[PDB]
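Reviewing the structure listed below.
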Amino acid sequence: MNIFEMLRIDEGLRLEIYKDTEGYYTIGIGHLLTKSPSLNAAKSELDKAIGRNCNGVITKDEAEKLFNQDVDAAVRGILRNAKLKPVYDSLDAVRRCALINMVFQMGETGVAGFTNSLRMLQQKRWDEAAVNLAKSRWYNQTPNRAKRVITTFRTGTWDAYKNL
């Protein structure tokens with residue numbers, strides 16, 4: 001299991017514009033297009049992102065290309081962030097995938113806000129961090145995905161995904 005397979009399980013693959021859990025316009029493998037209510041704004045962002053007139057639909061290849069960019073941007077983002085970098089540096093390989101997953105879903109800014117949880121992971125207090133991470137809007141809104149990530153931080157194994 002690796003970061004790509006993990007995120008592909010959590011996000012799914014859709015080749016037509018769709019609305020995410022929060023109601024925003026998304027395409028491919030969790031690629032957020034716009035928070036704007038306009039399907040037109042969305043379609044415009046889409047063509048800009050692909051470099052073609054897509055008319056709301058993309059190919060598998062296009063979805064994967066966007067996915068490759070997003071994952072890369074997530075990693076570079078963590079590495080450039082004063083709050084996340086040190087946490088990332090401190091973790092083992094599997095747990096690193098867990099942090100990457102959070103950043104891909106909620107952005108650098110959002111994860112950087114989990115101050116106390118970040119501190120606990122850094123200290124390797126696994127159980128305590130899992131309990132703190134569950135006290136969030138994130139967990140309440142997307143509990144099955146949050147649980148998978150949380151289990152990953154808890155155990156340092158891919159058990160939560162070996163099912164899926």
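Going through the structure tokens in order, the chains are called A, B, and so on, while each chain numbers its residues from 1 and the ligands are numbered from 1 in the order shown.
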**Study point:** Residues within 8 Å of residue 156 (chain A), only C-alpha atoms, excluding chain neighbours under 6 positions, as a VMD selection string
**Key:** chain A and resid 92 94 to 95
Review point. Out of chain A, which residues get helix (DSSP H, G or I) from DSSP, as a PyMOL selection string?
Key: chain A and resi 3-11+39-50+60-79+85-90+93-112+115-122+126-133+137-141+143-155+159-161
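Closest approach to residue 2 (chain A) from the set A:132, A:40, A:157, A:123 is made by A:157, with distances taken over only C-alpha atoms.
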Write out as a compact mmCIF listing (two decimals) with C-alpha atoms, in the first residue's frame each polymer residue whose atoms come within 10 Å of region 47-50 of chain A, counting only C-alpha atoms; drop sequence neighbours fewer than 4 positions from it.
```
# COMPACT_ATOMS: atom_id res chain seq x y z
CA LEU A 33 -12.41 22.75 -8.51
CA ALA A 42 -16.56 24.96 -12.04
CA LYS A 43 -16.49 24.10 -15.68
CA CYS A 54 -13.84 19.52 -21.35
CA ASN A 55 -17.39 20.38 -20.99
CA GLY A 56 -17.38 18.83 -17.45
CA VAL A 57 -15.86 15.49 -18.38
CA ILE A 58 -12.25 14.22 -18.33
CA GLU A 62 -6.40 13.42 -17.03
CA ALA A 63 -7.70 12.37 -13.61
CA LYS A 65 -2.43 13.58 -13.98
CA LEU A 66 -4.33 15.91 -11.69
```
Review point. Restricting the calculation to only C-alpha atoms, which member of A:159, A:11, A:45, A:89 is positioned closest to residue 104 (chain A)?
Key: A:11
Exercise for review: Extract, using only C-alpha atoms, all DNA, RNA and protein residues at most 10 Å from residue 138 (chain A), discarding same-chain residues fewer than 4 positions from it, and format them as a PyMOL selection string.
Suggested key: chain A and resi 102+105-106+110+133-134+142-143+145-146
Write out the residues from the selection above, keeping N, CA and C atoms, as a PDB file, in the first residue's frame.
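Heads up, here's the output in result-v9.pdb:
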```
ATOM      1  N   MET A 102      -4.428  13.792   5.310  1.00  0.00           N
ATOM      2  CA  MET A 102      -5.114  14.912   5.928  1.00  0.00           C
ATOM      3  C   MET A 102      -4.905  16.210   5.148  1.00  0.00           C
ATOM      4  N   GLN A 105      -6.883  16.344   1.863  1.00  0.00           N
ATOM      5  CA  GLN A 105      -8.301  16.575   2.141  1.00  0.00           C
ATOM      6  C   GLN A 105      -8.631  17.976   2.677  1.00  0.00           C
ATOM      7  N   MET A 106      -7.912  18.435   3.682  1.00  0.00           N
ATOM      8  CA  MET A 106      -8.246  19.675   4.308  1.00  0.00           C
ATOM      9  C   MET A 106      -7.330  20.867   4.121  1.00  0.00           C
ATOM     10  N   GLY A 110      -5.610  24.017   7.265  1.00  0.00           N
ATOM     11  CA  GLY A 110      -6.514  23.310   8.125  1.00  0.00           C
ATOM     12  C   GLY A 110      -5.822  22.348   9.066  1.00  0.00           C
ATOM     13  N   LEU A 133      -7.626  13.787  17.906  1.00  0.00           N
ATOM     14  CA  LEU A 133      -7.967  13.992  16.477  1.00  0.00           C
ATOM     15  C   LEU A 133      -9.504  13.806  16.227  1.00  0.00           C
ATOM     16  N   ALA A 134     -10.169  12.888  17.017  1.00  0.00           N
ATOM     17  CA  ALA A 134     -11.601  12.528  16.904  1.00  0.00           C
ATOM     18  C   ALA A 134     -12.522  13.649  17.375  1.00  0.00           C
ATOM     19  N   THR A 142     -16.952  13.334   8.286  1.00  0.00           N
ATOM     20  CA  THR A 142     -16.567  12.179   7.500  1.00  0.00           C
ATOM     21  C   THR A 142     -15.990  11.155   8.417  1.00  0.00           C
ATOM     22  N   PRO A 143     -16.822  10.558   9.265  1.00  0.00           N
ATOM     23  CA  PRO A 143     -16.317   9.612  10.263  1.00  0.00           C
ATOM     24  C   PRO A 143     -15.586   8.349   9.774  1.00  0.00           C
ATOM     25  N   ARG A 145     -13.873   7.843   6.905  1.00  0.00           N
ATOM     26  CA  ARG A 145     -12.558   8.193   6.413  1.00  0.00           C
ATOM     27  C   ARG A 145     -11.643   8.675   7.565  1.00  0.00           C
ATOM     28  N   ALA A 146     -12.165   9.552   8.455  1.00  0.00           N
ATOM     29  CA  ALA A 146     -11.395  10.024   9.598  1.00  0.00           C
ATOM     30  C   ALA A 146     -10.918   8.823  10.428  1.00  0.00           C
TER      31      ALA A 146
END
```
Exercise for review: Return the single residue from A:46, A:41, A:6, A:27 that is closest to residue 98 (chain A), with distances computed using only C-alpha atoms.
Suggested key: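 Looking at the shortest contact to residue 98 (chain A), the residue is A:6.
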Check your understanding: Pick from A:53, A:109, A:59, A:90: nearest to residue 16 (chain A), with only C-alpha atoms counted?
Key -> A:59
Check your understanding: In terms of the shortest atom-to-atom distance over only C-alpha atoms, which of A:29, A:3, A:120, A:164 is closest to residue 75 (chain A)?
Key ->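 Distance minimum relative to residue 75 (chain A) lands on A:3.
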Check your understanding: Interatomic distance between CA of residue 161 (chain A) and CA of residue 85 (chain A)?
Key ->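 Computed distance, CA of residue 161 (chain A) to CA of residue 85 (chain A), equals 25.2 Å.
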Point to revise | 12 Å contact set for residue 83 (chain A), only C-alpha atoms, chain neighbours under 5 positions out, as a PyMOL selection string | key: chain A and resi 77-78+88-89+108-119+122
